[PDB]
file run.tsv (TSV, N, CA, C and O atoms)
chain	number	residue	atom	x	y	z
A	167	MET	N	26.38	-19.09	-32.40
A	167	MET	CA	26.89	-17.71	-32.51
A	167	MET	C	26.77	-17.00	-31.17
A	167	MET	O	25.78	-17.20	-30.44
A	168	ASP	N	27.77	-16.17	-30.85
A	168	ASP	CA	27.73	-15.28	-29.70
A	168	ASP	C	26.83	-14.08	-30.04
A	168	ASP	O	27.28	-13.10	-30.64
A	169	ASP	N	25.53	-14.21	-29.75
A	169	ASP	CA	24.58	-13.08	-29.85
A	169	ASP	C	24.80	-12.17	-28.64
A	169	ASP	O	25.42	-11.10	-28.75
A	170	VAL	N	24.28	-12.60	-27.50
A	170	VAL	CA	24.59	-12.03	-26.20
A	170	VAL	C	25.86	-12.72	-25.66
A	170	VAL	O	26.07	-13.92	-25.91
A	171	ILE	N	26.72	-11.96	-24.98
A	171	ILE	CA	27.90	-12.54	-24.32
A	171	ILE	C	27.44	-13.30	-23.06
A	171	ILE	O	26.50	-12.86	-22.37
A	172	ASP	N	28.08	-14.45	-22.80
A	172	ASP	CA	27.69	-15.38	-21.73
A	172	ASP	C	27.84	-14.73	-20.35
A	172	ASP	O	28.94	-14.33	-19.95
A	173	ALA	N	26.71	-14.61	-19.65
A	173	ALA	CA	26.60	-13.92	-18.36
A	173	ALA	C	26.02	-14.88	-17.30
A	173	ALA	O	25.39	-15.88	-17.64
A	174	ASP	N	26.23	-14.55	-16.02
A	174	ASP	CA	25.77	-15.39	-14.88
A	174	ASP	C	25.45	-14.49	-13.67
A	174	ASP	O	25.82	-13.31	-13.66
A	175	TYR	N	24.71	-15.03	-12.67
A	175	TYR	CA	24.43	-14.31	-11.41
A	175	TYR	C	24.26	-15.31	-10.25
A	175	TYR	O	24.30	-16.53	-10.45
A	176	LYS	N	24.02	-14.74	-9.04
A	176	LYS	CA	23.73	-15.50	-7.80
A	176	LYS	C	22.65	-14.74	-6.98
A	176	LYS	O	22.78	-13.52	-6.81
A	177	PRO	N	21.57	-15.44	-6.49
A	177	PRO	CA	20.46	-14.79	-5.74
A	177	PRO	C	20.92	-14.25	-4.37
A	177	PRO	O	21.18	-15.02	-3.43
A	178	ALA	N	21.07	-12.92	-4.28
A	178	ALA	CA	21.46	-12.23	-3.05
A	178	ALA	C	20.25	-12.14	-2.11
A	178	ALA	O	19.49	-11.18	-2.16
A	179	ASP	N	20.06	-13.22	-1.30
A	179	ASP	CA	18.89	-13.41	-0.40
A	179	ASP	C	17.59	-13.64	-1.21
A	179	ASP	O	16.49	-13.61	-0.63
A	180	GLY	N	17.72	-13.92	-2.53
A	180	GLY	CA	16.58	-14.22	-3.41
A	180	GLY	C	15.94	-15.57	-3.07
A	180	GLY	O	16.65	-16.49	-2.63
A	181	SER	N	14.62	-15.71	-3.30
A	181	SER	CA	13.86	-16.90	-2.87
A	181	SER	C	13.14	-17.53	-4.07
A	181	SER	O	12.11	-17.01	-4.53
A	182	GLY	N	13.72	-18.63	-4.59
A	182	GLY	CA	13.12	-19.40	-5.69
A	182	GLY	C	12.26	-20.57	-5.19
A	182	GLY	O	11.61	-20.47	-4.13
A	183	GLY	N	12.26	-21.67	-5.96
A	183	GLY	CA	11.48	-22.88	-5.64
A	183	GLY	C	11.43	-23.81	-6.84
A	183	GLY	O	12.01	-23.50	-7.89
A	184	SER	N	10.74	-24.96	-6.70
A	184	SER	CA	10.51	-25.88	-7.83
A	184	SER	C	9.36	-25.33	-8.70
A	184	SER	O	8.18	-25.62	-8.45
A	185	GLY	N	9.71	-24.46	-9.67
A	185	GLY	CA	8.74	-23.80	-10.54
A	185	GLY	C	8.26	-24.69	-11.68
A	185	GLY	O	7.73	-25.78	-11.44
A	186	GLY	N	8.44	-24.22	-12.93
A	186	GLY	CA	7.98	-24.93	-14.13
A	186	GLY	C	6.47	-24.80	-14.35
A	186	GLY	O	5.90	-25.52	-15.18
A	187	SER	N	5.84	-23.88	-13.59
A	187	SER	CA	4.39	-23.64	-13.64
A	187	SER	C	4.00	-22.72	-14.82
A	187	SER	O	2.82	-22.46	-15.05
A	188	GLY	N	5.03	-22.23	-15.55
A	188	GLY	CA	4.83	-21.36	-16.69
A	188	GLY	C	4.99	-19.90	-16.31
A	188	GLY	O	6.06	-19.50	-15.84
A	189	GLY	N	3.91	-19.12	-16.49
A	189	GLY	CA	3.92	-17.67	-16.24
A	189	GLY	C	4.74	-16.95	-17.30
A	189	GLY	O	4.20	-16.55	-18.34
A	190	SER	N	6.05	-16.82	-17.04
A	190	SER	CA	7.03	-16.24	-17.97
A	190	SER	C	8.42	-16.78	-17.62
A	190	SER	O	9.07	-16.26	-16.71
A	191	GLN	N	8.84	-17.87	-18.32
A	191	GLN	CA	10.15	-18.53	-18.09
A	191	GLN	C	11.29	-17.53	-18.29
A	191	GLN	O	12.26	-17.48	-17.52
A	192	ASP	N	11.17	-16.75	-19.36
A	192	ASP	CA	12.04	-15.60	-19.63
A	192	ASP	C	11.48	-14.34	-18.96
A	192	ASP	O	10.26	-14.19	-18.84
A	193	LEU	N	12.39	-13.47	-18.49
A	193	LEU	CA	12.05	-12.14	-17.96
A	193	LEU	C	12.89	-11.08	-18.68
A	193	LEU	O	14.07	-11.31	-18.95
A	194	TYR	N	12.27	-9.94	-19.00
A	194	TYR	CA	12.97	-8.80	-19.61
A	194	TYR	C	13.13	-7.69	-18.57
A	194	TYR	O	12.14	-7.18	-18.03
A	195	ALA	N	14.38	-7.32	-18.30
A	195	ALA	CA	14.74	-6.31	-17.29
A	195	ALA	C	15.93	-5.49	-17.79
A	195	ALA	O	16.64	-5.90	-18.71
A	196	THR	N	16.14	-4.31	-17.18
A	196	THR	CA	17.22	-3.39	-17.57
A	196	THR	C	18.25	-3.30	-16.43
A	196	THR	O	17.86	-3.29	-15.25
A	197	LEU	N	19.55	-3.23	-16.77
A	197	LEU	CA	20.65	-3.39	-15.80
A	197	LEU	C	21.43	-2.07	-15.64
A	197	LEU	O	21.99	-1.56	-16.62
A	198	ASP	N	21.42	-1.52	-14.42
A	198	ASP	CA	22.30	-0.41	-14.03
A	198	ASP	C	23.68	-0.97	-13.64
A	198	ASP	O	23.85	-1.53	-12.55
A	199	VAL	N	24.65	-0.86	-14.56
A	199	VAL	CA	26.06	-1.22	-14.31
A	199	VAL	C	26.93	0.05	-14.40
A	199	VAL	O	27.05	0.63	-15.48
A	200	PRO	N	27.54	0.52	-13.26
A	200	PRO	CA	28.47	1.67	-13.25
A	200	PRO	C	29.65	1.50	-14.23
A	200	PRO	O	30.12	0.37	-14.44
A	201	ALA	N	30.10	2.64	-14.81
A	201	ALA	CA	31.22	2.69	-15.77
A	201	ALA	C	32.50	1.93	-15.29
A	201	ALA	O	33.01	1.10	-16.05
A	202	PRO	N	33.01	2.15	-14.01
A	202	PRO	CA	34.19	1.40	-13.50
A	202	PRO	C	33.94	-0.13	-13.45
A	202	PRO	O	34.80	-0.90	-13.87
A	203	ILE	N	32.73	-0.54	-13.00
A	203	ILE	CA	32.36	-1.96	-12.84
A	203	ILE	C	32.17	-2.65	-14.22
A	203	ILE	O	32.38	-3.86	-14.35
A	204	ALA	N	31.81	-1.85	-15.24
A	204	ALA	CA	31.69	-2.33	-16.62
A	204	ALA	C	33.07	-2.67	-17.21
A	204	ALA	O	33.27	-3.75	-17.77
A	205	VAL	N	34.03	-1.74	-17.02
A	205	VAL	CA	35.40	-1.85	-17.57
A	205	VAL	C	36.19	-2.99	-16.89
A	205	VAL	O	36.84	-3.79	-17.57
A	206	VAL	N	36.12	-3.05	-15.55
A	206	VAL	CA	36.82	-4.10	-14.78
A	206	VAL	C	36.09	-5.46	-14.92
A	206	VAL	O	36.74	-6.52	-14.94
A	207	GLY	N	34.75	-5.41	-15.05
A	207	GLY	CA	33.91	-6.60	-15.06
A	207	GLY	C	33.76	-7.20	-13.67
A	207	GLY	O	34.42	-8.19	-13.33
A	208	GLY	N	32.90	-6.58	-12.84
A	208	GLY	CA	32.63	-7.06	-11.48
A	208	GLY	C	31.24	-7.68	-11.37
A	208	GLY	O	30.86	-8.50	-12.21
A	209	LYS	N	30.49	-7.31	-10.31
A	209	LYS	CA	29.06	-7.68	-10.15
A	209	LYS	C	28.25	-6.43	-9.79
A	209	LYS	O	28.75	-5.52	-9.13
A	210	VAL	N	26.98	-6.40	-10.25
A	210	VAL	CA	26.00	-5.35	-9.93
A	210	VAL	C	24.66	-6.00	-9.56
A	210	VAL	O	24.28	-7.02	-10.15
A	211	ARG	N	23.95	-5.42	-8.59
A	211	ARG	CA	22.70	-5.99	-8.08
A	211	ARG	C	21.50	-5.56	-8.95
A	211	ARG	O	21.19	-4.37	-9.04
A	212	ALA	N	20.86	-6.55	-9.59
A	212	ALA	CA	19.67	-6.37	-10.43
A	212	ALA	C	18.40	-6.76	-9.64
A	212	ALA	O	18.42	-7.72	-8.86
A	213	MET	N	17.33	-5.98	-9.85
A	213	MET	CA	16.01	-6.23	-9.24
A	213	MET	C	15.19	-7.17	-10.14
A	213	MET	O	15.00	-6.89	-11.34
A	214	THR	N	14.71	-8.28	-9.57
A	214	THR	CA	13.86	-9.28	-10.27
A	214	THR	C	12.67	-9.68	-9.40
A	214	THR	O	12.55	-9.24	-8.25
A	215	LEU	N	11.80	-10.55	-9.95
A	215	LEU	CA	10.59	-11.03	-9.24
A	215	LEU	C	10.99	-11.95	-8.07
A	215	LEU	O	10.27	-12.06	-7.09
A	216	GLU	N	12.17	-12.60	-8.20
A	216	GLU	CA	12.72	-13.49	-7.17
A	216	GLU	C	13.39	-12.69	-6.04
A	216	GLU	O	13.58	-13.20	-4.93
A	217	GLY	N	13.73	-11.41	-6.33
A	217	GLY	CA	14.35	-10.50	-5.35
A	217	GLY	C	15.63	-9.86	-5.88
A	217	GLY	O	15.81	-9.75	-7.10
A	218	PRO	N	16.55	-9.40	-4.97
A	218	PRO	CA	17.86	-8.86	-5.37
A	218	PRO	C	18.85	-9.98	-5.74
A	218	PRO	O	18.95	-11.00	-5.05
A	219	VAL	N	19.56	-9.80	-6.87
A	219	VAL	CA	20.53	-10.79	-7.39
A	219	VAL	C	21.81	-10.05	-7.83
A	219	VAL	O	21.72	-8.93	-8.30
A	220	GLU	N	23.00	-10.65	-7.67
A	220	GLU	CA	24.28	-10.01	-8.06
A	220	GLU	C	24.80	-10.65	-9.36
A	220	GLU	O	25.22	-11.82	-9.36
A	221	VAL	N	24.77	-9.87	-10.45
A	221	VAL	CA	25.04	-10.33	-11.83
A	221	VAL	C	26.50	-10.04	-12.23
A	221	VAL	O	26.93	-8.89	-12.18
A	222	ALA	N	27.22	-11.11	-12.61
A	222	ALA	CA	28.59	-11.03	-13.12
A	222	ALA	C	28.64	-10.28	-14.47
A	222	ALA	O	28.19	-10.80	-15.50
A	223	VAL	N	29.13	-9.04	-14.40
A	223	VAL	CA	29.38	-8.19	-15.57
A	223	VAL	C	30.69	-8.66	-16.25
A	223	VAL	O	31.70	-8.83	-15.57
A	224	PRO	N	30.68	-8.92	-17.60
A	224	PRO	CA	31.91	-9.25	-18.36
A	224	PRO	C	32.97	-8.10	-18.31
A	224	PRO	O	32.60	-6.93	-18.29
A	225	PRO	N	34.30	-8.43	-18.21
A	225	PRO	CA	35.39	-7.41	-18.30
A	225	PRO	C	35.38	-6.63	-19.63
A	225	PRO	O	35.39	-7.25	-20.71
A	226	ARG	N	35.35	-5.29	-19.52
A	226	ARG	CA	35.35	-4.33	-20.64
A	226	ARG	C	34.00	-4.37	-21.38
A	226	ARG	O	33.88	-4.91	-22.48
A	227	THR	N	32.98	-3.83	-20.69
A	227	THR	CA	31.58	-3.81	-21.15
A	227	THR	C	31.20	-2.41	-21.66
A	227	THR	O	31.57	-1.40	-21.05
A	228	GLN	N	30.49	-2.39	-22.80
A	228	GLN	CA	29.97	-1.15	-23.42
A	228	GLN	C	28.46	-1.02	-23.16
A	228	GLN	O	27.78	-2.02	-22.88
A	229	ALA	N	27.94	0.22	-23.25
A	229	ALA	CA	26.49	0.49	-23.15
A	229	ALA	C	25.80	0.05	-24.45
A	229	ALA	O	26.39	0.15	-25.54
A	230	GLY	N	24.56	-0.46	-24.34
A	230	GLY	CA	23.84	-1.00	-25.50
A	230	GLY	C	24.10	-2.49	-25.71
A	230	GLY	O	23.60	-3.07	-26.68
A	231	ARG	N	24.90	-3.10	-24.80
A	231	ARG	CA	25.07	-4.56	-24.75
A	231	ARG	C	23.78	-5.22	-24.25
A	231	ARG	O	22.92	-4.58	-23.63
A	232	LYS	N	23.67	-6.51	-24.53
A	232	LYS	CA	22.57	-7.36	-24.08
A	232	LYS	C	23.16	-8.64	-23.46
A	232	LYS	O	24.14	-9.20	-23.97
A	233	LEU	N	22.56	-9.06	-22.34
A	233	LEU	CA	22.94	-10.28	-21.61
A	233	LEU	C	21.72	-11.20	-21.57
A	233	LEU	O	20.60	-10.72	-21.43
A	234	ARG	N	21.93	-12.51	-21.71
A	234	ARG	CA	20.85	-13.49	-21.49
A	234	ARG	C	21.36	-14.57	-20.54
A	234	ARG	O	22.23	-15.38	-20.89
A	235	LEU	N	20.83	-14.52	-19.32
A	235	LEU	CA	21.20	-15.41	-18.22
A	235	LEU	C	20.44	-16.74	-18.37
A	235	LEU	O	19.36	-16.93	-17.81
A	236	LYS	N	21.02	-17.63	-19.19
A	236	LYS	CA	20.42	-18.93	-19.57
A	236	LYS	C	20.39	-19.89	-18.38
A	236	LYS	O	21.40	-20.02	-17.66
A	237	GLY	N	19.24	-20.56	-18.18
A	237	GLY	CA	19.02	-21.45	-17.04
A	237	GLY	C	19.04	-20.72	-15.71
A	237	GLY	O	19.26	-21.33	-14.66
A	238	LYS	N	18.78	-19.40	-15.76
A	238	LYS	CA	18.86	-18.50	-14.60
A	238	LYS	C	17.67	-17.51	-14.59
A	238	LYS	O	17.73	-16.48	-13.92
A	239	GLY	N	16.60	-17.83	-15.31
A	239	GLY	CA	15.38	-17.02	-15.27
A	239	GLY	C	14.39	-17.53	-14.24
A	239	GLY	O	14.79	-17.80	-13.10
A	240	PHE	N	13.12	-17.65	-14.64
A	240	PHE	CA	12.03	-18.17	-13.79
A	240	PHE	C	12.33	-19.63	-13.36
A	240	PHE	O	12.84	-20.40	-14.19
A	241	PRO	N	12.07	-20.01	-12.06
A	241	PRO	CA	12.25	-21.39	-11.55
A	241	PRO	C	11.65	-22.51	-12.44
A	241	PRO	O	10.61	-22.31	-13.09
A	242	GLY	N	12.34	-23.67	-12.45
A	242	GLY	CA	11.91	-24.86	-13.19
A	242	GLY	C	12.58	-26.12	-12.63
A	242	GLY	O	13.77	-26.06	-12.33
A	243	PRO	N	11.85	-27.28	-12.48
A	243	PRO	CA	12.36	-28.49	-11.77
A	243	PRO	C	13.56	-29.16	-12.47
A	243	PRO	O	14.51	-29.60	-11.81
A	244	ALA	N	13.50	-29.23	-13.81
A	244	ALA	CA	14.54	-29.88	-14.65
A	244	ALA	C	15.53	-28.85	-15.22
A	244	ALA	O	16.63	-29.21	-15.65
A	245	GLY	N	15.12	-27.57	-15.21
A	245	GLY	CA	15.93	-26.47	-15.72
A	245	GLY	C	15.15	-25.17	-15.67
A	245	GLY	O	13.92	-25.18	-15.82
A	246	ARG	N	15.85	-24.04	-15.47
A	246	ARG	CA	15.21	-22.72	-15.34
A	246	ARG	C	15.09	-22.04	-16.72
A	246	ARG	O	15.64	-22.53	-17.71
A	247	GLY	N	14.35	-20.92	-16.76
A	247	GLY	CA	14.25	-20.07	-17.95
A	247	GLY	C	15.47	-19.19	-18.14
A	247	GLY	O	16.57	-19.54	-17.70
A	248	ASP	N	15.31	-18.04	-18.81
A	248	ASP	CA	16.41	-17.06	-18.98
A	248	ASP	C	16.01	-15.68	-18.43
A	248	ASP	O	14.83	-15.38	-18.30
A	249	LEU	N	17.02	-14.88	-18.06
A	249	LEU	CA	16.81	-13.48	-17.63
A	249	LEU	C	17.62	-12.55	-18.55
A	249	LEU	O	18.85	-12.51	-18.50
A	250	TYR	N	16.89	-11.83	-19.40
A	250	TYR	CA	17.47	-10.96	-20.42
A	250	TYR	C	17.67	-9.53	-19.85
A	250	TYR	O	16.69	-8.81	-19.60
A	251	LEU	N	18.94	-9.15	-19.62
A	251	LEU	CA	19.31	-7.83	-19.06
A	251	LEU	C	19.90	-6.92	-20.15
A	251	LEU	O	20.89	-7.27	-20.79
A	252	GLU	N	19.27	-5.75	-20.36
A	252	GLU	CA	19.81	-4.71	-21.25
A	252	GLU	C	20.83	-3.84	-20.48
A	252	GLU	O	20.46	-3.09	-19.57
A	253	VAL	N	22.11	-3.97	-20.85
A	253	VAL	CA	23.23	-3.24	-20.23
A	253	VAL	C	23.12	-1.71	-20.47
A	253	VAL	O	23.12	-1.25	-21.62
A	254	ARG	N	23.01	-0.97	-19.36
A	254	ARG	CA	23.08	0.50	-19.34
A	254	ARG	C	24.27	0.91	-18.46
A	254	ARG	O	24.28	0.60	-17.25
A	255	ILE	N	25.27	1.59	-19.04
A	255	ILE	CA	26.40	2.12	-18.28
A	255	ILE	C	25.95	3.37	-17.50
A	255	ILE	O	25.52	4.38	-18.09
A	256	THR	N	26.02	3.26	-16.18
A	256	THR	CA	25.57	4.26	-15.24
A	256	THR	C	26.74	5.23	-14.94
A	256	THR	O	27.80	4.77	-14.48

call {"tool": "encode", "arguments": {"input": "run.tsv", "output": "structure tokens"}}
result
Amino acid sequence: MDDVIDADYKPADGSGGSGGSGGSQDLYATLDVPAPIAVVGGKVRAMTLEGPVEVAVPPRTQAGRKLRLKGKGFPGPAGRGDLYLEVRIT
């Protein structure tokens, strides 16, 4: 089932590594996405423990949406965790 709509990002000068050490594979964070960038579906820079990252916003996004960046959370050698972003239209 499509719970969260499928989302992705890229580390904008962010610094990962071969993790899998645990800590918190998943991270919970809140996303400032401007109203024009929500409707068109562009990218917005989210703050994480790894640093600044540019997250692909889906075309025609509403406030109160939820994103789960699967295999894109905390570092891991065979696969990464998830990054759960709560969409807020700015």

call {"tool": "closest_residue", "arguments": {"input": "run.tsv", "among": "A:205, A:180, A:249, A:254", "to": "residue 236 in chain A", "atoms": "only C-alpha atoms"}}
result
A:249

call {"tool": "closest_residue", "arguments": {"input": "run.tsv", "among": "A:237, A:217, A:225, A:181", "to": "residue 202 in chain A", "atoms": "all atoms listed in the file"}}
result
A:225

call {"tool": "atom_distance", "arguments": {"input": "run.tsv", "atom1": "CA of residue 188 in chain A", "atom2": "CA of residue 247 in chain A"}}
result
9.6 Å

call {"tool": "closest_residue", "arguments": {"input": "run.tsv", "among": "A:233, A:212, A:195, A:206", "to": "residue 177 in chain A", "atoms": "all atoms listed in the file"}}
result
A:212

call {"tool": "residues_around", "arguments": {"input": "run.tsv", "residues": "residue 174 in chain A", "least_positions_apart": "3", "cutoff": "9 Å", "atoms": "only C-alpha atoms", "output": "list in words"}}
result
residues 220, 221, 222, 223, 233, 234, 235, 236 and 238 of chain A

call {"tool": "residues_around", "arguments": {"input": "run.tsv", "residues": "residue 253 in chain A", "least_positions_apart": "4", "cutoff": "6 Å", "atoms": "only N, CA, C and O atoms", "output": "PyMOL selection string"}}
result
chain A and resi 196-197+228-233

call {"tool": "decode", "arguments": {"input": "run.tsv", "residues": "range 168-194 of chain A", "atoms": "N, CA, C and O atoms", "output": "compact mmCIF listing (two decimals), in the first residue's frame"}}
result
# COMPACT_ATOMS: atom_id res chain seq x y z
N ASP A 168 0.43 2.27 -0.73
CA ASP A 168 1.04 3.60 -0.70
C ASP A 168 0.60 4.31 0.59
O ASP A 168 -0.47 4.93 0.64
N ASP A 169 1.38 4.13 1.67
CA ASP A 169 1.20 4.89 2.92
C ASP A 169 1.74 6.30 2.71
O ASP A 169 0.99 7.26 2.51
N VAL A 170 3.07 6.41 2.76
CA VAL A 170 3.81 7.59 2.33
C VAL A 170 4.06 7.46 0.81
O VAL A 170 4.26 6.35 0.30
N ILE A 171 3.99 8.59 0.09
CA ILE A 171 4.34 8.62 -1.34
C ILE A 171 5.88 8.51 -1.47
O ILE A 171 6.62 9.07 -0.64
N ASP A 172 6.33 7.76 -2.50
CA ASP A 172 7.74 7.43 -2.70
C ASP A 172 8.57 8.69 -2.98
O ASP A 172 8.33 9.40 -3.96
N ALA A 173 9.52 8.95 -2.08
CA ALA A 173 10.36 10.16 -2.09
C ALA A 173 11.85 9.76 -2.13
O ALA A 173 12.21 8.63 -1.79
N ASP A 174 12.71 10.70 -2.54
CA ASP A 174 14.17 10.47 -2.68
C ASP A 174 14.93 11.79 -2.40
O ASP A 174 14.31 12.86 -2.36
N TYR A 175 16.26 11.70 -2.15
CA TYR A 175 17.12 12.88 -1.98
C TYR A 175 18.55 12.58 -2.44
O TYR A 175 18.87 11.44 -2.82
N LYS A 176 19.42 13.62 -2.35
CA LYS A 176 20.88 13.53 -2.63
C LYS A 176 21.64 14.41 -1.61
O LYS A 176 21.25 15.55 -1.39
N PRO A 177 22.75 13.87 -0.97
CA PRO A 177 23.52 14.61 0.06
C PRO A 177 24.27 15.82 -0.53
O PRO A 177 25.27 15.67 -1.25
N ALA A 178 23.75 17.02 -0.26
CA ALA A 178 24.34 18.29 -0.71
C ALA A 178 25.54 18.63 0.19
O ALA A 178 25.39 19.30 1.20
N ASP A 179 26.72 18.08 -0.19
CA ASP A 179 27.98 18.16 0.59
C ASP A 179 27.90 17.36 1.91
O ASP A 179 28.78 17.49 2.77
N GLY A 180 26.86 16.49 2.04
CA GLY A 180 26.68 15.61 3.20
C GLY A 180 27.74 14.52 3.27
O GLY A 180 28.22 14.07 2.22
N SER A 181 28.10 14.07 4.48
CA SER A 181 29.23 13.14 4.70
C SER A 181 28.76 11.89 5.45
O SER A 181 28.54 11.94 6.67
N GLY A 182 28.56 10.79 4.70
CA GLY A 182 28.18 9.49 5.28
C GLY A 182 29.39 8.60 5.57
O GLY A 182 30.47 9.09 5.92
N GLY A 183 29.21 7.28 5.41
CA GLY A 183 30.25 6.27 5.65
C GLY A 183 29.65 4.88 5.71
O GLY A 183 28.44 4.72 5.54
N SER A 184 30.49 3.85 5.93
CA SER A 184 30.01 2.47 6.13
C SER A 184 29.49 2.33 7.58
O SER A 184 30.26 2.00 8.50
N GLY A 185 28.20 2.65 7.77
CA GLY A 185 27.56 2.62 9.10
C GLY A 185 27.15 1.23 9.54
O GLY A 185 28.00 0.32 9.61
N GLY A 186 25.85 1.05 9.84
CA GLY A 186 25.32 -0.23 10.34
C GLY A 186 25.64 -0.48 11.80
O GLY A 186 25.45 -1.59 12.31
N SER A 187 26.13 0.58 12.49
CA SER A 187 26.54 0.53 13.91
C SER A 187 25.32 0.67 14.84
O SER A 187 25.47 0.58 16.07
N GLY A 188 24.13 0.90 14.25
CA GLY A 188 22.89 1.05 15.00
C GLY A 188 22.56 2.51 15.22
O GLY A 188 22.39 3.26 14.25
N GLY A 189 22.50 2.91 16.51
CA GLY A 189 22.11 4.27 16.89
C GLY A 189 20.62 4.51 16.65
O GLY A 189 19.79 4.24 17.53
N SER A 190 20.30 4.96 15.42
CA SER A 190 18.92 5.16 14.95
C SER A 190 18.92 5.09 13.42
O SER A 190 19.22 6.09 12.76
N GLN A 191 18.63 3.89 12.86
CA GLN A 191 18.59 3.65 11.40
C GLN A 191 17.59 4.59 10.72
O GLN A 191 17.86 5.18 9.66
N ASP A 192 16.43 4.72 11.36
CA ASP A 192 15.41 5.71 10.99
C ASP A 192 15.67 7.02 11.74
O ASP A 192 16.16 7.01 12.87
N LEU A 193 15.36 8.15 11.07
CA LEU A 193 15.39 9.49 11.68
C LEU A 193 14.04 10.18 11.42
O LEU A 193 13.47 10.04 10.34
N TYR A 194 13.54 10.90 12.43
CA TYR A 194 12.30 11.68 12.31
C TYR A 194 12.66 13.17 12.26
O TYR A 194 13.27 13.71 13.19
